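Only one structure is covered here, and it is reproduced in the block below.
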Amino acid sequence: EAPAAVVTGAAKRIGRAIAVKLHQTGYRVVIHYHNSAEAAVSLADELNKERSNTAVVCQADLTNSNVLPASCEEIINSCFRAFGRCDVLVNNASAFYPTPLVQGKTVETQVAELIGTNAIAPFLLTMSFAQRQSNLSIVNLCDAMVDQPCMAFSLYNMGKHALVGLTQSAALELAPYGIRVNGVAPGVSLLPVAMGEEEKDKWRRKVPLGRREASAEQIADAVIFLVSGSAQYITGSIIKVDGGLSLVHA
Amino acid sequence: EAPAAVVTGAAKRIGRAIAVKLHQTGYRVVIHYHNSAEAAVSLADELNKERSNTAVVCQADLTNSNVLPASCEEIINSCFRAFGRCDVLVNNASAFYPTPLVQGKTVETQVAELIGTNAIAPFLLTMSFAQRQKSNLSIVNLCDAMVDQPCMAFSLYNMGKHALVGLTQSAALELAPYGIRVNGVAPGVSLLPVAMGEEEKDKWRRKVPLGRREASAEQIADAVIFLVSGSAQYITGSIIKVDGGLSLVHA
Amino acid sequence: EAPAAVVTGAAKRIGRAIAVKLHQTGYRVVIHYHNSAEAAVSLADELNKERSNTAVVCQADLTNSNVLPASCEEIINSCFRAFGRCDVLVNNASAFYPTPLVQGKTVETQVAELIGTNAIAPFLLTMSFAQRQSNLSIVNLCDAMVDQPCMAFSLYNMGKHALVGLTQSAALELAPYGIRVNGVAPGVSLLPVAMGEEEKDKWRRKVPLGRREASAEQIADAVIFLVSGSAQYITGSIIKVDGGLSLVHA
Amino acid sequence: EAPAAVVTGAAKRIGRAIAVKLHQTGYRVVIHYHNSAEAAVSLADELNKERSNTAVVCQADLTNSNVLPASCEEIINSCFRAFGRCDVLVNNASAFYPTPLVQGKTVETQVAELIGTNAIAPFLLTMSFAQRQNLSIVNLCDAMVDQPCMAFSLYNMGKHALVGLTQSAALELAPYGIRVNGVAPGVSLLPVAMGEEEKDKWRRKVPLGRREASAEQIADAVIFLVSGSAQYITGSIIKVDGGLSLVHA
Ligand SMILES: NC(=O)c1ccc[n+]([C@@H]2O[C@H](COP(=O)([O-])OP(=O)(O)OC[C@H]3O[C@@H](n4cnc5c(N)ncnc54)[C@H](OP(=O)(O)O)[C@@H]3O)[C@@H](O)[C@H]2O)c1
Ligand SMILES: NC(=O)c1ccc[n+]([C@@H]2O[C@H](COP(=O)([O-])OP(=O)(O)OC[C@H]3O[C@@H](n4cnc5c(N)ncnc54)[C@H](OP(=O)(O)O)[C@@H]3O)[C@@H](O)[C@H]2O)c1
Ligand SMILES: NC(=O)c1ccc[n+]([C@@H]2O[C@H](COP(=O)([O-])OP(=O)(O)OC[C@H]3O[C@@H](n4cnc5c(N)ncnc54)[C@H](OP(=O)(O)O)[C@@H]3O)[C@@H](O)[C@H]2O)c1
Ligand SMILES: NC(=O)c1ccc[n+]([C@@H]2O[C@H](COP(=O)([O-])OP(=O)(O)OC[C@H]3O[C@@H](n4cnc5c(N)ncnc54)[C@H](OP(=O)(O)O)[C@@H]3O)[C@@H](O)[C@H]2O)c1
Ligand SMILES: Cc1ccc(-c2c[nH]c3nc(N)nc(N)c23)cc1
Ligand SMILES: Cc1ccc(-c2c[nH]c3nc(N)nc(N)c23)cc1
Ligand SMILES: Cc1ccc(-c2c[nH]c3nc(N)nc(N)c23)cc1
Ligand SMILES: Cc1ccc(-c2c[nH]c3nc(N)nc(N)c23)cc1
């Protein structure tokens, strides 16, 4: 039997790269999406052309709310329904935008989105993944710049720190069940679609190794290592994939 | 004129000790509390008997909800209402209980409480504190020295304390241009839980390299007083461990 | 043209397992050793039987002294002399013994040995590696327990801390030359030969992931990853390979 | 009776400020120096003028060598000879200069100087301090240790080893009641020769006030750690950096 993976936010960019690589490695994949239905299905179409019935899609909002646990549980269930098993969870989906401390979503909607997508949904999915249970692991997409954060990104930063705490707490607690829990921390990978090109080059120029961003594939490579048999003793570890960026003083 | 401080969860234990020491240092204090009304009033009474009109209490639930921001705004506004200023914010109030990943409150209530008290309310109180300014302004967040060696089955609590580390850093960076410093104090083992039995308390005490005992509430409060003082005017974004070496001890 | 790697302290245990996996991956190897002459030459024989002329030994004391730079330069030179190139350096050789602060070598010898092997030698080998110069990289064998250190191991812990600093500084400074510098940090792996059984078992019981020590091969797997094409954007990272041990409170 | 402190590299700048504040707090002080004899002596004369018989000087090279353990024992012993006790050790003296990985001092002299001053000497002074016993040690660290100066490998290795010492010694000496902590400046007093335009570059990076820490601000954090108000604090390194270490590239 082929193992199975859930990748959240898998329609585009890094999540897509991660789904594609797991599938190339032999996984069957659940492609979760929120708004990008068309892109999710076109990826599944591409993956299912390669190997029939090895990719499904799954829709969910991962904003925190009264129904988030049920949604998270259904994401995990959808993998069991499609493939009869769930070997790997990749927590990739993530809201990202500024939340200034001093001055139209309300602040509490921003808390729900930023803290839900980056921390609470990962926790709930982690609970469901472990409950519903080999080489089992979870990989959380973290952020190499958590200790030198973007200015005015308090909530996003809080959510990523919380995700580090989850990675550690879950590694500790799930080790007796054979479930490893690790992270991959990009620095500058694919820049935001909205960022202007000048500003993109400014960030690229900061990176010591090659003065460029990481491709989505290079991030996906670290995920693939972490879920592999070459990482069977690794839990609680967060691998930076940042080209030295986090080492560069102001 | 005397400066003023808000201390969250200040009715008892470490919060009380911080309020008392701020008061002994010359601050007027807002003693925030949630359920411990009697202890909070008893504190304010003692402080006002020492110096009249220098302590008031302020009730608020710091669970996350759509009204938590107005509740946090009101906490800061109660300092200005009582004392005409707000110089210091200490984020001490904290929910703390296990949330096992594999198996009472709904999980969304646990999230609301553990993440709300430990991170969201500090963030909203920071926003409000900063917004109301309009000097030695600072914020001290009560953190946790065992954050990278966490208590088994305390996921949400640990997430909340990690998030608070991130707020401390993010706010230190962002509020520095306003002259608001933001720091943290990280206890290891201090006052053990009221409900813990003596035998269990001793097991923890025996782990502590420095004196095989927990930190007094006062010793925690001392590090808070340092960070608010003029002796710490260049310190921002620092979290001081107050743990007798506990976090250095391997399994 | 097959790449070439120097592995220090490669006669035995983790260093051995690293040299073996590097060789299996296609590398030619310099098997550095200090006192383990017989195991070193025996390992070279093993590997050379598999592919002729793909392993040589190189003897050197890595204690700090006025001649250590020359010795380090020679180790690198020995890789060029055997194979015409040097693509990978693995800093594995390491002295390890207690140096109590309060009361049969002298303290300056203990300093030279512990700080030399764990920090100075890696620094000088890094200099000579870079000076002599693609997928070039350096992997430093660190320690996951560096912030929860063994009692009365000050000098050793100082050495491994210094080694983290080197990893970071070297990643930063060598990134313009295309040389990546990373680390692998074991917790409990192969236990001391001189340690007694009951004590070995006490340490095993502490490891959340499986209640056992890492094999030398599990440690080598992480080295192999960091030198590979799948780690091309990775520099300045230290991967814990510790089964969750560093997450466990006292 | 008055407690006593050894401050290494105390003739100038941050070490001087530390020695003065310790003295203002009631400590008798050993002012260690290497080359700056004239400044160490004028400091001693200043402090003895304030209160008689409360400052002495001690010359020593803290470069690593065969004789460094004896030199470090002598510094401690000199505190006992002058004052009958040694309550506080402040490891401040520090060599600092670039050591590029790719290219008069040989590289082994740089190793001896950079690693000796920043790490080995603190280690030897710590053993001597402890062997002779509110006792504490404060080590001067560096807030920028994880975002290091380009081409300062050996220096950075030295300061990292110092963090390790701080932690290892905190753990091991806790049973004797000796606390061991650090103060980590980011940008404090800039090099004497540095052009203002270069100094200002650094000052502008500092979120809190867009200026460097005074030596006195660094000293304040030392005074807190040695005090009765830090009685439970061991193995802690306090950044005194105006938020510099939180600033991304
Ligand atoms: N890009 C970088 O340079 C970088 C740097 C540091 C860290 N990271 C981390 O690496 C991961 C991938 O980054 P990325 O740049 O590829 O991410 P991204 O494009 O910002 O977002 C990934 C996906 O997250 C999903 N998402 C957003 N809000 C959601 C919600 N409320 N509910 C459910 N799904 C939601 C979206 O799915 P739909 O499109 O289907 O709505 C989106 O496509 C993230 O965790 C990120 O924080 C990335
Ligand atoms: N004690 C330790 O050894 C230790 C260890 C590590 C970290 N710390 C940190 O140091 C701080 C103080 O510790 P502690 O042991 O003194 O704390 P605590 O006794 O557990 O709780 C402090 C106060 O938190 C308030 N609180 C709890 N839930 C709340 C809610 N939903 N809304 C508003 N307030 C709420 C309570 O106020 P009421 O009583 O009025 O309801 C309580 O009195 C905490 O942040 C803690 O995490 C302590
Ligand atoms: N084993 C673990 O659990 C563990 C835990 C954490 C970190 N690590 C790190 O992983 C690496 C490998 O660990 P290990 O247990 O396999 O190492 P080890 O057996 O203790 O030492 C490996 C080799 O280092 C060489 N060595 C010692 N002193 C030397 C000197 N003065 N000059 C040159 N070489 C010298 C020895 O070579 P000869 O035998 O040829 O004399 C020895 O065989 C080390 O860096 C270690 O610190 C290991
Ligand atoms: N200035 C900063 O911004 C900054 C930033 C980060 C960390 N720090 C740390 O804070 C501490 C004080 O900094 P600073 O700028 O005031 O230091 P500094 O002026 O660079 O050096 C202080 C003293 O160290 C002594 N020293 C140098 N080499 C020595 C040797 N071989 N043996 C004995 N003593 C030696 C010198 O004593 P003599 O003059 O008597 O020869 C010198 O005056 C240092 O530990 C430093 O690394 C400072
Ligand atoms: C220059 C730049 C811009 C964004 C990001 C990024 C970090 N975390 C992120 N998380 C998400 N969900 N999207 C992102 N685009 C980022 C990193 C560097
Ligand atoms: C042995 C022991 C027991 C509890 C605590 C504790 C950590 N964080 C905490 N946070 C709160 N709000 N209360 C607590 N009691 C703790 C630490 C060590
Ligand atoms: C129970 C135990 C005993 C030793 C080691 C070990 C740490 N670092 C080490 N470094 C070297 N060069 N050899 C080792 N054997 C170790 C780890 C756990
Ligand atoms: C712009 C600048 C220049 C030097 C220093 C400094 C760091 N560590 C140091 N250590 C010593 N012994 N001296 C120093 N002068 C420094 C910090 C910022």
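Each chain in the structure tokens gets a letter, A, B, ..., in the order shown, and its residues are numbered from 1; ligands are numbered from 1 in order too.
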I need the chain A residues near chain D as a PDB file with N, CA and C atoms, in the first residue's frame; criterion: at most 8 Å, counting only C-alpha atoms.
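File produced: out.pdb:
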```pdb
ATOM      1  N   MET A 145      12.501  33.693  10.428  1.00  0.00           N
ATOM      2  CA  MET A 145      12.624  35.054  10.952  1.00  0.00           C
ATOM      3  C   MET A 145      11.781  35.295  12.194  1.00  0.00           C
ATOM      4  N   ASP A 147      12.547  35.333  15.228  1.00  0.00           N
ATOM      5  CA  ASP A 147      13.196  36.150  16.261  1.00  0.00           C
ATOM      6  C   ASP A 147      13.711  37.499  15.793  1.00  0.00           C
ATOM      7  N   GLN A 148      13.469  37.837  14.518  1.00  0.00           N
ATOM      8  CA  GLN A 148      13.752  39.124  13.938  1.00  0.00           C
ATOM      9  C   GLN A 148      12.557  39.415  13.026  1.00  0.00           C
ATOM     10  N   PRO A 149      11.398  39.586  13.623  1.00  0.00           N
ATOM     11  CA  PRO A 149      10.186  39.620  12.835  1.00  0.00           C
ATOM     12  C   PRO A 149       9.976  40.872  11.980  1.00  0.00           C
ATOM     13  N   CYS A 150       9.062  40.737  11.033  1.00  0.00           N
ATOM     14  CA  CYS A 150       8.581  41.845  10.247  1.00  0.00           C
ATOM     15  C   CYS A 150       7.918  42.881  11.176  1.00  0.00           C
ATOM     16  N   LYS A 206      19.571  40.477   0.433  1.00  0.00           N
ATOM     17  CA  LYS A 206      19.930  40.210   1.821  1.00  0.00           C
ATOM     18  C   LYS A 206      20.450  38.796   2.058  1.00  0.00           C
ATOM     19  N   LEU A 245      19.974  33.799   5.865  1.00  0.00           N
ATOM     20  CA  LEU A 245      19.324  35.092   6.099  1.00  0.00           C
ATOM     21  C   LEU A 245      19.181  35.422   7.570  1.00  0.00           C
ATOM     22  N   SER A 246      18.793  34.441   8.364  1.00  0.00           N
ATOM     23  CA  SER A 246      18.580  34.720   9.802  1.00  0.00           C
ATOM     24  C   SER A 246      19.876  35.038  10.555  1.00  0.00           C
ATOM     25  N   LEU A 247      21.030  34.831   9.916  1.00  0.00           N
ATOM     26  CA  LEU A 247      22.316  35.101  10.545  1.00  0.00           C
ATOM     27  C   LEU A 247      22.828  36.514  10.278  1.00  0.00           C
ATOM     28  N   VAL A 248      22.085  37.259   9.474  1.00  0.00           N
ATOM     29  CA  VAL A 248      22.563  38.544   8.981  1.00  0.00           C
ATOM     30  C   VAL A 248      22.078  39.632   9.942  1.00  0.00           C
ATOM     31  N   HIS A 249      23.011  40.297  10.628  1.00  0.00           N
ATOM     32  CA  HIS A 249      22.641  41.404  11.514  1.00  0.00           C
ATOM     33  C   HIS A 249      22.069  42.582  10.736  1.00  0.00           C
ATOM     34  N   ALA A 250      21.355  43.423  11.452  1.00  0.00           N
ATOM     35  CA  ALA A 250      20.772  44.636  10.881  1.00  0.00           C
ATOM     36  C   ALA A 250      21.814  45.559  10.279  1.00  0.00           C
TER      37      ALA A 250
END
```
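Restricting the atom set to only C-alpha atoms and all ligand atoms, one finds that the residues within 6 Å of ligand 2 amount to residues 9, 11, 12, 13, 14, 15, 33, 34, 35, 36, 60, 61, 62, 63, 92, 93, 94, 95, 113, 117, 142, 143, 144, 187, 188, 189, 190, 191 and 192 of chain B.
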What would the file look like if the residues just selected were written as a PDB file, in the first residue's frame with C-alpha atoms?
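The resulting file, part.pdb, is shown below:
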```
ATOM      1  CA  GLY B   9      -4.354  38.730  37.880  1.00  0.00           C
ATOM      2  CA  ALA B  11      -5.325  39.316  43.659  1.00  0.00           C
ATOM      3  CA  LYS B  12      -2.884  36.673  44.880  1.00  0.00           C
ATOM      4  CA  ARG B  13       0.330  34.759  44.388  1.00  0.00           C
ATOM      5  CA  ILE B  14       2.850  36.329  41.964  1.00  0.00           C
ATOM      6  CA  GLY B  15       0.539  39.035  40.630  1.00  0.00           C
ATOM      7  CA  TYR B  33      -8.813  40.255  38.906  1.00  0.00           C
ATOM      8  CA  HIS B  34     -11.318  37.788  37.385  1.00  0.00           C
ATOM      9  CA  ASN B  35     -12.872  35.593  40.135  1.00  0.00           C
ATOM     10  CA  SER B  36     -10.855  36.509  43.231  1.00  0.00           C
ATOM     11  CA  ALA B  60     -12.409  41.473  33.817  1.00  0.00           C
ATOM     12  CA  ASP B  61     -12.496  38.102  32.137  1.00  0.00           C
ATOM     13  CA  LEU B  62      -9.458  37.782  29.821  1.00  0.00           C
ATOM     14  CA  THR B  63     -10.745  34.776  27.856  1.00  0.00           C
ATOM     15  CA  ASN B  92       0.527  38.284  34.696  1.00  0.00           C
ATOM     16  CA  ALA B  93      -2.954  36.735  34.494  1.00  0.00           C
ATOM     17  CA  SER B  94      -2.724  33.250  33.119  1.00  0.00           C
ATOM     18  CA  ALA B  95      -4.899  30.148  32.695  1.00  0.00           C
ATOM     19  CA  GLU B 113      -8.894  30.636  27.889  1.00  0.00           C
ATOM     20  CA  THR B 117      -5.101  34.890  28.875  1.00  0.00           C
ATOM     21  CA  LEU B 142       5.124  37.063  32.716  1.00  0.00           C
ATOM     22  CA  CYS B 143       6.586  34.279  30.599  1.00  0.00           C
ATOM     23  CA  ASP B 144       7.776  30.728  31.426  1.00  0.00           C
ATOM     24  CA  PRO B 187       9.768  31.897  36.239  1.00  0.00           C
ATOM     25  CA  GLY B 188      10.708  28.227  36.360  1.00  0.00           C
ATOM     26  CA  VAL B 189       9.335  26.816  39.577  1.00  0.00           C
ATOM     27  CA  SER B 190       7.847  29.540  41.777  1.00  0.00           C
ATOM     28  CA  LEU B 191       4.731  29.191  43.881  1.00  0.00           C
ATOM     29  CA  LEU B 192       3.465  25.716  43.266  1.00  0.00           C
TER      30      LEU B 192
END
```
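Of the residues under consideration (C:97, C:153, C:80, C:225), C:225 shows the shortest atom-to-atom contact distance to residue 182 (chain C) when counting only C-alpha atoms.
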Near ligand 5, 7 Å: chain A residue rows, closest pairs, only C-alpha atoms and all ligand atoms, as a tab-separated table:
```
residue	atom	partner	partner_atom_place_in_ligand_line	distance
A:93	CA	ligand 5	12 (N)	6.7
A:94	CA	ligand 5	12 (N)	4.1
A:95	CA	ligand 5	12 (N)	4.8
A:96	CA	ligand 5	12 (N)	4.7
A:143	CA	ligand 5	8 (N)	6.1
A:187	CA	ligand 5	17 (C)	6.1
A:188	CA	ligand 5	18 (C)	4.5
A:189	CA	ligand 5	17 (C)	6.5
A:190	CA	ligand 5	15 (N)	6.8
A:191	CA	ligand 5	3 (C)	5.0
A:192	CA	ligand 5	15 (N)	4.5
A:200	CA	ligand 5	1 (C)	6.5
A:203	CA	ligand 5	1 (C)	5.7
```
Mind dumping the selected residues with C-alpha atoms as a compact mmCIF listing (two decimals), in the first residue's frame?
```txt
# COMPACT_ATOMS: atom_id res chain seq x y z
CA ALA A 93 -1.79 26.94 5.16
CA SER A 94 -1.20 30.39 6.63
CA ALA A 95 -2.67 33.86 6.70
CA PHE A 96 -0.08 36.63 6.57
CA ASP A 143 9.42 30.86 9.79
CA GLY A 187 13.29 32.69 5.30
CA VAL A 188 12.67 34.34 1.98
CA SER A 189 11.05 31.83 -0.35
CA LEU A 190 8.40 32.81 -2.93
CA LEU A 191 7.69 36.47 -2.40
CA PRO A 192 4.12 37.74 -2.01
CA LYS A 200 11.43 41.80 -3.97
CA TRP A 203 14.90 41.07 0.07
```
Going by DSSP on the backbone, which bits of region 17-207 of chain B are helix (DSSP H, G or I)? Write them as a short mmCIF file (atom, residue, chain, number, x, y, z; two decimals) with C-alpha atoms, in the first residue's frame, please.
```cif
data_model
loop_
_atom_site.label_atom_id
_atom_site.label_comp_id
_atom_site.auth_asym_id
_atom_site.auth_seq_id
_atom_site.Cartn_x
_atom_site.Cartn_y
_atom_site.Cartn_z
CA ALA B 17 3.60 40.27 45.01
CA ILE B 18 4.29 42.38 41.88
CA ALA B 19 1.52 44.81 42.79
CA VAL B 20 2.81 45.10 46.34
CA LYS B 21 6.36 45.69 45.25
CA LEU B 22 5.31 48.28 42.65
CA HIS B 23 3.34 49.93 45.41
CA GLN B 24 6.36 49.87 47.81
CA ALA B 37 -12.95 39.55 44.24
CA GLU B 38 -12.40 39.14 47.94
CA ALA B 39 -8.61 38.77 47.75
CA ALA B 40 -8.43 41.78 45.35
CA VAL B 41 -10.38 44.12 47.64
CA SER B 42 -8.41 42.91 50.66
CA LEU B 43 -5.22 43.80 48.77
CA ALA B 44 -6.44 47.22 47.70
CA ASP B 45 -7.54 47.96 51.30
CA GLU B 46 -4.08 47.14 52.66
CA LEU B 47 -2.39 49.29 50.04
CA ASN B 48 -4.69 52.25 50.50
CA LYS B 49 -4.10 52.07 54.27
CA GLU B 50 -0.42 52.43 53.59
CA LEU B 68 -12.03 41.02 24.80
CA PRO B 69 -10.66 44.09 23.03
CA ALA B 70 -13.15 46.42 24.74
CA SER B 71 -12.45 44.67 28.05
CA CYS B 72 -8.72 45.32 27.58
CA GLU B 73 -9.33 48.92 26.55
CA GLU B 74 -11.41 49.28 29.75
CA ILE B 75 -8.59 47.92 31.95
CA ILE B 76 -6.22 50.56 30.61
CA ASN B 77 -8.94 53.22 30.84
CA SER B 78 -9.51 52.36 34.50
CA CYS B 79 -5.88 53.23 35.24
CA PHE B 80 -6.26 56.65 33.56
CA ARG B 81 -9.62 57.17 35.31
CA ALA B 82 -8.20 56.45 38.80
CA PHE B 83 -4.78 57.98 38.44
CA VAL B 107 -11.69 22.53 23.13
CA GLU B 108 -12.69 25.98 21.82
CA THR B 109 -13.17 27.18 25.38
CA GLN B 110 -9.71 25.82 26.28
CA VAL B 111 -8.29 27.70 23.31
CA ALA B 112 -10.19 30.83 24.28
CA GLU B 113 -8.89 30.64 27.89
CA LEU B 114 -5.33 29.40 27.47
CA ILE B 115 -4.47 31.42 24.38
CA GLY B 116 -6.62 34.41 25.43
CA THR B 117 -5.10 34.89 28.88
CA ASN B 118 -1.52 34.02 27.91
CA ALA B 119 -1.30 35.87 24.58
CA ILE B 120 -4.35 37.58 23.09
CA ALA B 121 -5.20 39.69 26.16
CA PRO B 122 -1.56 40.72 26.55
CA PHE B 123 -1.60 41.78 22.87
CA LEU B 124 -4.83 43.81 23.23
CA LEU B 125 -3.68 45.38 26.51
CA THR B 126 -0.43 46.31 24.74
CA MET B 127 -2.39 47.93 21.90
CA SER B 128 -4.55 49.85 24.32
CA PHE B 129 -1.62 50.87 26.57
CA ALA B 130 0.21 52.22 23.56
CA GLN B 131 -2.86 53.86 22.06
CA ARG B 132 -3.62 55.85 25.23
CA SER B 155 0.06 22.01 24.29
CA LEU B 156 -2.29 25.00 24.33
CA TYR B 157 -0.70 26.52 27.44
CA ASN B 158 2.78 26.21 25.87
CA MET B 159 1.51 27.65 22.57
CA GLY B 160 0.17 30.61 24.52
CA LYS B 161 3.50 31.26 26.33
CA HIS B 162 5.41 30.90 23.10
CA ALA B 163 3.04 33.38 21.48
CA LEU B 164 3.76 35.75 24.38
CA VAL B 165 7.47 35.51 23.70
CA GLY B 166 6.68 36.59 20.13
CA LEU B 167 4.50 39.52 21.31
CA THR B 168 7.30 40.62 23.70
CA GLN B 169 9.73 40.74 20.78
CA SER B 170 7.30 42.18 18.19
CA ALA B 171 6.05 44.88 20.59
CA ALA B 172 9.57 45.71 21.78
CA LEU B 173 10.51 46.37 18.15
CA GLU B 174 7.36 48.31 17.22
CA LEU B 175 6.91 50.40 20.36
CA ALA B 176 10.60 51.37 20.81
CA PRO B 177 10.07 54.57 18.69
CA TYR B 178 7.44 55.65 21.32
CA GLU B 198 3.37 18.30 49.29
CA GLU B 199 5.10 15.19 48.00
CA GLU B 200 4.68 16.36 44.39
CA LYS B 201 5.82 19.90 45.28
CA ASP B 202 9.03 18.44 46.77
CA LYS B 203 9.76 16.45 43.62
CA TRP B 204 9.86 19.75 41.76
CA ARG B 205 11.77 21.59 44.45
#
```
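The shell of residues at most 10 Å from residue 239 (chain B), with only C-alpha atoms counted and near chain neighbours (fewer than 4 positions) removed, consists of residues 140, 141, 142, 143, 144, 145, 165, 168, 169, 182, 183, 184, 185, 186, 227 and 235 of chain B; 236, 237, 238 and 239 of chain D.
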Selection from above, C-alpha atoms, as a CSV table (one decimal), in the first residue's frame, can you write it?
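What ended up in selection-v6.csv:
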```csv
chain,number,residue,atom,x,y,z
B,140,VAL,CA,6.5,43.4,31.5
B,141,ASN,CA,5.1,40.0,30.4
B,142,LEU,CA,5.1,37.1,32.7
B,143,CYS,CA,6.6,34.3,30.6
B,144,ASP,CA,7.8,30.7,31.4
B,145,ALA,CA,11.4,29.5,31.6
B,165,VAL,CA,7.5,35.5,23.7
B,168,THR,CA,7.3,40.6,23.7
B,169,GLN,CA,9.7,40.7,20.8
B,182,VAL,CA,8.7,45.7,26.4
B,183,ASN,CA,10.3,42.9,28.4
B,184,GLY,CA,9.6,39.6,30.1
B,185,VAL,CA,10.2,37.7,33.3
B,186,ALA,CA,10.3,33.9,33.1
B,227,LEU,CA,12.8,45.9,34.3
B,235,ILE,CA,16.6,47.1,28.0
D,236,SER,CA,20.6,33.9,32.9
D,237,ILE,CA,22.0,36.2,30.2
D,238,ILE,CA,20.4,39.7,30.2
D,239,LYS,CA,20.5,41.5,26.8
```
Using 7 Å as the limit and counting only C-alpha atoms, can you tabulate each residue of chain C that touches chain A, with its shortest atom-to-atom distance in Å and the two atoms involved, as CSV?
```
residue,atom,partner,partner_atom,distance
C:168,CA,A:247,CA,6.8
C:171,CA,A:244,CA,6.7
C:172,CA,A:244,CA,6.2
C:175,CA,A:209,CA,4.8
C:176,CA,A:209,CA,6.4
C:178,CA,A:209,CA,6.8
C:208,CA,A:175,CA,5.5
C:209,CA,A:175,CA,4.7
C:210,CA,A:176,CA,6.9
C:214,CA,A:233,CA,6.6
C:218,CA,A:233,CA,6.6
C:221,CA,A:230,CA,5.5
C:230,CA,A:221,CA,5.5
C:233,CA,A:243,CA,5.1
C:234,CA,A:241,CA,4.8
C:235,CA,A:243,CA,5.4
C:236,CA,A:244,CA,5.7
C:237,CA,A:240,CA,5.8
C:239,CA,A:239,CA,6.2
C:240,CA,A:237,CA,5.8
C:241,CA,A:234,CA,4.9
C:242,CA,A:234,CA,6.3
C:243,CA,A:233,CA,5.1
C:244,CA,A:235,CA,5.5
C:247,CA,A:172,CA,6.6
```
Residue list for chain A near chain B as a PyMOL selection string, 10 Å, only C-alpha atoms = chain A and resi 64-69+100-103+106-109+111-112+115+119-120+123-132+146-170+172-174
Residues from last step as file, C-alpha atoms, as a compact mmCIF listing (two decimals), in the first residue's frame:
```txt
# COMPACT_ATOMS: atom_id res chain seq x y z
CA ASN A 64 -10.50 29.83 14.35
CA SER A 65 -14.22 29.55 15.15
CA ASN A 66 -16.72 27.35 16.93
CA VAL A 67 -16.67 24.91 13.97
CA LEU A 68 -12.88 24.74 13.38
CA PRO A 69 -12.45 21.49 15.30
CA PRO A 100 -0.14 47.27 13.75
CA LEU A 101 -0.22 47.83 17.49
CA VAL A 102 -0.97 51.55 17.12
CA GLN A 103 -3.47 53.33 14.83
CA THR A 106 -11.91 43.72 13.16
CA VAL A 107 -8.94 42.95 15.40
CA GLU A 108 -10.66 39.77 16.62
CA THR A 109 -11.20 38.51 13.04
CA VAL A 111 -6.77 37.05 15.70
CA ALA A 112 -9.05 34.32 14.33
CA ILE A 115 -3.73 32.69 15.10
CA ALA A 119 -1.43 27.69 15.30
CA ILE A 120 -4.91 26.58 16.29
CA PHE A 123 -3.10 21.92 16.91
CA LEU A 124 -6.61 20.60 16.03
CA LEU A 125 -5.38 18.74 12.98
CA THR A 126 -2.59 17.32 15.12
CA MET A 127 -5.17 16.12 17.63
CA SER A 128 -7.35 14.53 14.93
CA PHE A 129 -4.35 12.95 13.15
CA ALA A 130 -3.10 11.30 16.30
CA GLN A 131 -6.56 10.28 17.52
CA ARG A 132 -7.45 8.48 14.27
CA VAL A 146 10.56 34.47 14.09
CA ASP A 147 13.20 36.15 16.26
CA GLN A 148 13.75 39.12 13.94
CA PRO A 149 10.19 39.62 12.83
CA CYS A 150 8.58 41.85 10.25
CA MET A 151 7.65 45.23 11.70
CA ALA A 152 3.90 45.52 12.60
CA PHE A 153 3.29 41.74 12.23
CA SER A 154 2.58 41.00 15.95
CA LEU A 155 -0.27 38.54 15.49
CA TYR A 156 1.36 36.66 12.57
CA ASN A 157 4.54 36.42 14.69
CA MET A 158 2.56 35.25 17.74
CA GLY A 159 0.95 32.54 15.57
CA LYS A 160 4.32 31.31 14.29
CA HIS A 161 5.82 31.26 17.76
CA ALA A 162 2.79 29.32 18.93
CA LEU A 163 3.45 26.89 16.08
CA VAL A 164 7.03 26.36 17.36
CA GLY A 165 5.54 25.61 20.85
CA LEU A 166 3.11 23.12 19.23
CA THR A 167 5.88 21.42 17.32
CA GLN A 168 7.79 20.86 20.56
CA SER A 169 4.85 19.96 22.75
CA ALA A 170 3.43 17.56 20.16
CA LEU A 172 7.19 15.24 23.19
CA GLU A 173 3.65 13.90 23.72
CA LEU A 174 3.23 11.90 20.52
```
